[PDB]
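Now for the letters of each chain:
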Amino acid sequence: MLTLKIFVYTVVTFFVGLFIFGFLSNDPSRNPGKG
Amino acid sequence: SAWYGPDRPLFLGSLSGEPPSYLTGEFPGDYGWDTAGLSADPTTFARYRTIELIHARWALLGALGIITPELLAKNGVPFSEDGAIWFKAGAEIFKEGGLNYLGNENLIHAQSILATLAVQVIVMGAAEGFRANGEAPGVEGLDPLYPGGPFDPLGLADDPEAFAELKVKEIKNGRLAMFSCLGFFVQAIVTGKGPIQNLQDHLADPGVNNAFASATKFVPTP
Amino acid sequence: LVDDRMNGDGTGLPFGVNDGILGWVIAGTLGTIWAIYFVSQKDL
Amino acid sequence: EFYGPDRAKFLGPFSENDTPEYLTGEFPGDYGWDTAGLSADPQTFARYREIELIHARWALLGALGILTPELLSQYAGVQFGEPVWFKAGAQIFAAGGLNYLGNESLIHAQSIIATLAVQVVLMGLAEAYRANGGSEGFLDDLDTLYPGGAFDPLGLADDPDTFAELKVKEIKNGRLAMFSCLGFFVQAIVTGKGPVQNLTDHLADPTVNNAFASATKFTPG
Amino acid sequence: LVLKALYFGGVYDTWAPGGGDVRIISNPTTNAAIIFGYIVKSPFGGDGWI
Amino acid sequence: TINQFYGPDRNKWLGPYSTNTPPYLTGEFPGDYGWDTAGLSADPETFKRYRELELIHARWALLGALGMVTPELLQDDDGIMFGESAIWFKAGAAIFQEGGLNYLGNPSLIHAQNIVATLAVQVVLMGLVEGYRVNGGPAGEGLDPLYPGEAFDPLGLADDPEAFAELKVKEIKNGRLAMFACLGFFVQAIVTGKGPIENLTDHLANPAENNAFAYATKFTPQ
Amino acid sequence: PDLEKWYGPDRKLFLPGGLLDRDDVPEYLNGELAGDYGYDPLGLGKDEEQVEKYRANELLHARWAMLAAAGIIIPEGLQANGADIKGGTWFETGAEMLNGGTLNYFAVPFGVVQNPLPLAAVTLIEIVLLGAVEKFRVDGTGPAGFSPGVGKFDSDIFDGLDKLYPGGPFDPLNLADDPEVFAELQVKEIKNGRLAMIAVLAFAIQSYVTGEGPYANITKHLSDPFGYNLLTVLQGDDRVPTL
Ligand code: CHL
Ligand code: CHL
Ligand code: CHL
Ligand code: CLA
Ligand SMILES: CCCCCCCCCCCCCCCCCC(=O)OC[C@H](CO)OC(=O)CCCCCCCCCCCCCCCCC
Ligand SMILES: CC1=C[C@H](O)CC(C)(C)[C@H]1/C=C/C(C)=C/C=C/C(C)=C/C=C/C=C(C)/C=C/C=C(C)/C=C/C1=C(C)C[C@H](O)CC1(C)C
Ligand SMILES: CC1=C[C@H](O)CC(C)(C)[C@H]1/C=C/C(C)=C/C=C/C(C)=C/C=C/C=C(C)/C=C/C=C(C)/C=C/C1=C(C)C[C@H](O)CC1(C)C
Ligand SMILES: CC1=C[C@H](O)CC(C)(C)[C@H]1/C=C/C(C)=C/C=C/C(C)=C/C=C/C=C(C)/C=C/C=C(C)/C=C/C1=C(C)C[C@H](O)CC1(C)C
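Residues numbered from 1 in each chain as written, not as in the entry; some residues may be left out. Chains lettered and ligands numbered in written order. Part of a larger assembly, values for the part shown. Heavy atoms only, no water.

A. Looking closely at the interface of chain F and chain B. Every contact between the two is made by 24 residues of chain F and, on the other side, 20 residues of chain B. Note on chain F versus chain B: buried area summed over both sides is about 1600 Å², and carbon and sulfur give 63% of it. When the buried surface of chain F facing chain B is broken down by residue, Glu45, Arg49 and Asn135 of chain F rank first, second and third, together holding 30% of it. In this structure, the connection of chain F to chain B is made through three residue pairs in polar contact. Elements with a contribution of two residues or more to the side of chain F that touches chain B: α1 (44-74), α2 (115-134) and α3 (161-192) of chain F. Among the elements that make up the side of chain F that touches chain B, the one with the highest residue count is α2 of chain F (eight residues). Residues that form the side of chain F that touches chain B fall into these classes: 12 nonpolar, six polar and six charged. (Contact = heavy atoms within 4.5 Å. Buried area = accessible area lost by both parts, 1.4 Å probe. Polar contact = N/O pair within 3.5 Å; in protein donor to acceptor, adjacent residues only side chain to side chain. Helix = DSSP H or I, 4+ residues; strand = E, 2+ residues; numbered from the N terminus. Nonpolar A, V, L, I, M, F, W, Y, C, P; charged D, E, K, R; others polar.)

B. Region of interest: the side chain of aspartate 30 of chain B. Residues and elements named next belong to chain B. Inspection of the secondary structure puts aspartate 30 in the segment before α1 (42-75). Within the local environment of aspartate 30, its side chain forms a polar contact with the backbone nitrogen of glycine 32, the two atoms lying 3.3 Å apart. If we skip the residues at most four places from it in the chain, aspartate 30 touches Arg8, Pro9, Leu10, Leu23, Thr24 and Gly25.

C. Representation of the UniProt feature "transmembrane region" (unreviewed entry) in chain A within the structure. As annotated in UniProt, the feature "transmembrane region" (unreviewed entry) corresponds to residues 6-24 of chain A in the numbering used here. Taken as a whole, residues 6-24 of chain A contains 100% helix and 0% strand, while its terminal C-alpha atoms sit 26 Å from one another. (UniProt positions renumbered as here; feature names shortened; annotations may be inferred.)

D. Representation of the site of ligand 5. Close contacts around ligand 5 come from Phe21 of chain A together with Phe15, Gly23, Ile26, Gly28, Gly31, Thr32, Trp34, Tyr37 and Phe38 of chain C, and that covers them all. Relative to its free-state accessible area of 1100 Å², ligand 5 is covered by the protein chains to the extent of 37%. The element that contributes the greatest number of residues to the shell around ligand 5 is helix α1 (residues 20-39) of chain C, accounting for eight residues. Here the shell around ligand 5 is composed, by residue class, of six nonpolar, four polar and no charged. (Near = heavy atom within 4 Å. Areas by Shrake-Rupley, 256 points an atom, 1.4 Å probe, with all protein chains shown as cover.)

E. Examining the site of ligand 4 more closely. Residues and elements named next belong to chain G. Within the structure, ligand 4 sits among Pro16, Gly17, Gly18 and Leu19. A distance of 2.8 Å separates an oxygen atom of ligand 4 from a polar atom in the backbone of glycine 18. A per-class count over the shell around ligand 4 returns two nonpolar, two polar and no charged.

F. Molecular detail of empty space enclosed by the protein. Looking at the largest cavity, its volume works out to about 80 Å³. In terms of lining residues, the largest cavity is bounded by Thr43, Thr44 and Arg47 of chain B together with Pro20, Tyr22, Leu23, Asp34, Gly37, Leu38, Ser39 and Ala40 of chain D. One number sums up the size of the second largest cavity: a volume of about 60 Å³. If you trace the second largest cavity, you find it lined by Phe27, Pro28, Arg49, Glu52, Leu53, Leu145, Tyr146 and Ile171 of chain B. No other element matches the three residues that α1 of chain B contributes to the lining of the second largest cavity. Class assignment of the residues belonging to the lining of the second largest cavity gives a composition of six nonpolar, no polar and two charged. (1 Å grid on protein atoms, 1.4 Å probe; cavity = no way out; pocket = protein on both sides within 12 Å on 5 of 7 lines; lining within 4 Å. Points joined across faces, edges and corners; volume = space filled by probe spheres on them.)

G. Representation of the layout of surface pockets within the structure. Residue and element names in this part refer to chain F. The computed volume of the second largest pocket comes to approximately 1700 Å³. Around the second largest pocket, the lining comprises 48 residues; the ones closest to its centre are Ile56, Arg59, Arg133, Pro145 and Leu146. Going through the elements one at a time, α1, α2 and α3 are the ones with two or more residues in the lining of the second largest pocket. Among the elements that take part in the lining of the second largest pocket, α1 stands out by supplying nine residues, more than any other. Split by residue class, the lining of the second largest pocket holds 24 nonpolar, 11 polar and 13 charged.

H. Quick peek at the nonpolar core. Listed in full, the 11 residues of the largest apolar core are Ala61, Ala65, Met68, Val69, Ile87, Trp88, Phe89, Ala178, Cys182, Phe185 and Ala189 of chain F. Discounting chain neighbours no more than four positions away, the residues touching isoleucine 87 of chain F are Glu72, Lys194, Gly195 and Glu198 of chain F. Residues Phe82, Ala86 and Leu109 of chain F together with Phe106 of chain G belong to the second largest nonpolar core, which totals eight residues. (Core = buried A, V, L, I, M, F, W, Y, C linked by side-chain atoms within 4.5 Å. Buried < 20%, exposed > 50% of the residue type's maximum accessible area, 1.4 Å probe, protein only.)

I. Fine view of the pattern of salt bridges. What the rule picks out here adds up to 22 salt bridges over all chains. Between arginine 5 of chain C and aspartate 3 of chain C there is a salt bridge, with the nearest N and O atoms lying 2.4 Å from each other. The partly exposed category is assigned to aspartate 3 of chain C, whose relative accessible area is 38%. In this structure, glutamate 170 of chain D and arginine 57 of chain D form a salt bridge, with 2.4 Å as the shortest nitrogen-oxygen distance. Within this pair, whereas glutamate 170 of chain D is found in helix α4 (residues 160-190), its partner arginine 57 of chain D is found in helix α1 (residues 42-65), the two being separated by 113 residues in sequence. Residue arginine 57 of chain D is classed as partly exposed on the basis of its relative accessible area of 25%. Each of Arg55, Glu58 and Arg194 of chain G takes part in a single network of salt bridges with overlapping partners. (Salt bridge = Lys/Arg side-chain N within 4 Å of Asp/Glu carboxyl O.)

J. Expanded view of unusual backbone geometry. Each neighbour pair has its own omega, and for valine 108 of chain G with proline 109 of chain G the value is 0 degrees, a cis peptide bond. For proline 109 of chain G, the location among the structural elements is in the loop between β1 (104-105) and β2 (113-114). Not every positive phi belongs to a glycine, and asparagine 27 of chain E is a case in point at roughly 55 degrees. Its place among the elements puts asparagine 27 of chain E in the loop between β2 (21-23) and α2 (32-40).

K. Quick peek at the environment of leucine 175 of chain G. Residues and elements named next belong to chain G. Tracing the chain through its elements places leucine 175 in the loop between α2 (119-139) and α3 (179-210). Taking the C-alpha atoms as reference, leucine 175 lies 36 Å from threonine 93; in sequence the two are 82 residues apart. Non-local contacts of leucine 175, meaning those with residues more than four positions away in its chain, are made with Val181 and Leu185.

L. Expanded view of the packing of helix α1 (residues 48-81) of chain G against α3 of chain G. Residues and elements named next belong to chain G. Closest axis-to-axis distance for the α1/α3 pair is 7 Å, and the angle between their directions is 60 degrees. Relative to α3, the element α1 lies oblique. The interaxial crossing formed by α1 with α3 has left-handed handedness. The segment α1 lies against α3, with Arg55, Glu58, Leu59, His61, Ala62, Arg63, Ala65, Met66, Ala68, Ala69 and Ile72 engaging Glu189, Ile190, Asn192, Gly193, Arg194, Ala196, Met197, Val200 and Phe203. Residues belonging to the contact of α1 with α3 are distributed by class as follows: 12 nonpolar, three polar and five charged. (Axes fitted to C-alpha atoms, helices over the stretch in contact; angles between N-to-C directions. Parallel < 35°, antiparallel > 145°, perpendicular 65-115°, else oblique. Left-handed = near helix turned anticlockwise from the far one by under 90°.)

Right, here's the structure in full:
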């Protein structure tokens, strides 16, 4: 169970880190318009 | 943020005053701090800059190596009683178990302090005689202070502006590590416990567990 | 006792970490994502 | 050897390429060591040479002088008030006072303030005559660092060759004596036994009786 | 609010004995671990976040 | 006259037995008795930095010596005006008393308990003060770095440069005497554990036995 | 700098822009004096002669009331924390030496010395000292000198000086030679003086109402904010609760 807990914990913090740094990676510049 | 030239930030900010003329601002970390005039001439400045940067790298390695093993001791790596506390780590070689890297008996497991010092003398003497001279079996012409080449495997030091910015990061991180190494040396003597132990005592009750509790402990008493 | 459990419920357990390796891998994984993000800068 | 472009170096083959340009080997004991670089100024370098020279000589006096009481306690059983040098001063605080070789009628000194006053005035007048380079014609000359006149009775100052290698021998023996003097000083604070006593205890078992055996003595509590 | 709890009459405590009363707060928990362990705490049963 | 203190005809750091003194010491600065056998100030601007150090230290040590003596002079017969902290090297712990640090025996004076607050207030105030000293501020922006003399001399004093120079010689000789004294206070405190005034009174009781000679056996190794 | 916030046509008035158009100010206060907020509901100013003549009395009242504010707040506080003052409270300090009971002077930090001279000597030298000073003030005639700013000045310096601002002998530390900073400090002085005048009149009415000193007022108010204020003191005794 502890091995499963460490596995789910690293999976969740990996995906949440992807979300955090993806929205930090200049997101208001992804528009297809002018401005 | 203009880390070079006359418009660089100085060691007192808005109240800095006119920096010394030899500290023009062409070298990394130039905060215009030479109040004792040690580097008026170029040669003392070059030698002192070498002492700076060599000490900076030695202190970065030192600060990480003082922080790491006692952190791992708190993590479950089994250092018994003195391999955790940095200033007592050297005393670990005399115990019946020897000196075990990461607490495992299969790792290192050293018993001869004379042998480990002798191997270190020949290795570091060759390395430092090579560093001073600027020649080795495989490298011919390299900067004595910023060598590179085989010392830059990742190609990180290529383009001059990134090189200079990383030099500023190097010198400032090194100065911070030198400051913390002075801190480790002083808190070792006056408290008698590890640096992270000092931190966790300061994290429990900072209002009383600080450096002011250990001020009266060195009063010479008749 | 008849069977082995974590018994991590309650206790005000920060981030739900009962062993330090959990906090270490959380910090380490956020650090790896930050490392790739940071080195992959000065782009676009 | 010891002079000119192929002089000996403080790192040997490792001091071939990076050497200071101010260390040209005109002076005895020159090996090229200014890694910290405290002598980029020429007259400042001259002042440090003066410091190094008489420092070496004073160290030679100390190094020979703090072996002889303990060596004489060894072998032919010479008795003292106290033989070990770092506890020699308390000899003057004993009941029998200070005696040169244990004889009550050798010097028998008890007035420590008076001997301090005598030593201060005599060595002060000696040093003042040294630094001034003589006055009113009484030795009112010489280089004040290698005098020779009225200080070299054996006359081993001629033959500029022999003077050069003898000067190198002087500074090099002095540097050995300074290194030894730091040995005596640090063994005094760490071991608390005489230099010869530490060498005697050293010959029994070097494996367990090294400097690491007292490496845990100064562990903070 | 801190000043009101420390020197301006105290605040109402239901955990004081006798049914609770208005008590003057003495020695608040300034421990950072106790303060931020509530924040880092899970919101679910047994922990309830803050 | 003033020639005793300036020019080649001045007094010397070894008197009539000093001709080989150093040639960069022309006799244009206060003090300057010719004592530079180490030769550290042969460099001109490092010499300038060293004079700045000299005068700043001189002023600080005049204040320090007169402050290390003045509480122990103002101590009374029963010892109720000040507690045990009338001795200078135990003054700081006076802020750890339940009555706090009170400037005299009356609790109406200062009455400070927060050493952290006192340290932070001192750091901020002294930072602004020394930044004004190095760069310039309300008290001056282009005055002399060592002798500003426009708000720092409100009682006139520094007129008629003939008297001004010899008064500066008084500054530097009083200062150097003070730093010699402060070195005395430190080395007396570390080897006795007694206040400087009681060192003086114990010596005035018995000068043959009450001297550092009696304390020369204190640091002996076992 | 920033002297266009106290002088000129654009300056801080006694009301902001919405409640006071700039044309509502008296014409004789258009930013020529330090502390000109255009505050004149009742026409006492008339014109510039009467304005500067009243400013003379305003400035003297200010320079008295500021020292007064310090002299009422300081020794009462010193006695309250434990100095040996015996009469720090201002409305009963005079009652100490009615029967020869001379006051104790605190030369802080080296003070608490007894003043060995009685009320008759106090008042005789007080009139002969400040009467001499005030006769000097209207005449601009001063006998001797030795001021720190200019040492041992003769009597031929007070003539030609500006009345109500006599720089030189009365300026030991200078810091007013720049007219810019001198004007800024004039505004600072007159505003501090008006503040202290309000403060000392508040001290008076607070003493008349509460029967105690203003340092006691601020200390008890900081101890119990709602339990000690004006509406608390005029209650007399408690309050019937509304339960
Ligand atoms: C006429 C002879 C004359 C002589 C010999 C000296 C000698 C000296 N002057 Mg003086 N002066 C003289 C005339 C004059 N001086 C001055 C004005 C000054 C000033 C203003 C100053 C001196 C200073 C000095 C000293 C500089 C050298 C030094 O530091 O040595 C080092 C000294 C020694 C190595 C002697 C050590 C003796 C030893 C017995 C000490 C005790 C040892 C302990 C028992 C153990 C200690 C170590 C242990 C703990 C391990 C020195 C002692 C300077 C100084 O150093 O002041 C403090 C200084 O600032 N002189 C004037 C007036 C213009 C003079 C006029 O004639
Ligand atoms: C030049 C300044 C200075 C000096 C010399 C001292 C010295 C001392 N303080 Mg103090 N302090 C100083 C400044 C300050 N202190 C405090 C606040 C306190 C407190 C709260 C306490 C002390 C205490 C002590 C004593 C510690 C006991 C002891 O024997 O320690 C070792 C010291 C000696 C054996 C004396 C000889 C000193 C010498 C070896 C060192 C001189 C060189 C310095 C390293 C120079 C450092 C320069 C600075 C700018 C980095 C000690 C003599 C404690 C005390 O009195 O306990 C009874 C105490 O409780 N200090 C503040 C904040 C307001 C300071 C601000 O500047
Ligand atoms: C270079 C000179 C020199 C040195 C190194 C020493 C060293 C010593 N003497 Mg000393 N002395 C010296 C000169 C003189 N002594 C005396 C008179 C006495 C007496 C009467 C006594 C001593 C004692 C001592 C010891 C101090 C006690 C102790 O354990 O301290 C701590 C010791 C150490 C930390 C180790 C050794 C110190 C060394 C590393 C420091 C060297 C510092 C300087 C570089 C030396 C030069 C300083 C000045 C002169 C320029 C110590 C080992 C005492 C003793 O032995 O009691 C048992 C004692 O009673 N001395 C006189 C006057 C005649 C001297 C010179 O004129
Ligand atoms: C967030 C609130 C706020 C802000 C940012 C402003 C800002 C401004 N007001 Mg204004 N005003 C406010 C609220 C506010 N007002 C309220 C509540 C009132 C009714 C009393 C007024 C009535 C008012 C008038 C009549 C005028 C202005 C004017 C102005 C302008 C400049 C002059 C000035 O300082 O006014 C002065 C305002 C005061 C002197 C009120 C006293 C403010 C002090 C400093 C109170 C200290 C605050 C303290 C923390 C209490 C807050 C408690 C809080 C918990 C509720 C300026 C841009 C002027 C203007 O319009 O220019 C053309 C003008 O004529 N205001
Ligand atoms: C149980 C423990 C888990 C608790 C999670 C919280 C841990 C504490 C982190 C709080 C830091 C606050 C981040 C605010 C700025 C982030 C925006 C950014 O990123 O801005 C990005 C910006 C871009 O230039 O850079 C920058 O400003 C520099 C970024 C500063 C962030 C410092 C990170 C600390 C060390 C990272 C991991 C140690 C790495 C080890 C793993 C690596 C592989 C082994
Ligand atoms: C700039 C200036 C200018 C002005 O004017 C003048 C002046 C003052 C001169 C100046 C300043 C200066 C300074 C600041 C200095 C300082 C320094 C330092 C601190 C160093 C350290 C430095 C430090 C260092 C190197 C450190 C190092 C460390 C090390 C190696 C360590 C090691 C180790 C480890 C890992 C762990 C184990 O278990 C133990 C050991 C083995 C032990
Ligand atoms: C070159 C260089 C270059 C780079 O770059 C930089 C640097 C690093 C800086 C450098 C180096 C330097 C060095 C090495 C130094 C060292 C020195 C020494 C060791 C000294 C001693 C020195 C030492 C000495 C003098 C000593 C002396 C001694 C004595 C007197 C003694 C006395 C005594 C006696 C007899 C007897 C009695 O019973 C005791 C006593 C009293 C005790
Ligand atoms: C010239 C020459 C030349 C040749 O060639 C070479 C050589 C040898 C290098 C030379 C010499 C040099 C010298 C002599 C030096 C010395 C110095 C000093 C001693 C300083 C002090 C200096 C000193 C000082 C600043 C001091 C200061 C002090 C202070 C702050 C104090 C404070 C205090 C007090 C009040 C009291 C209380 O309760 C405590 C406290 C709070 C703590």
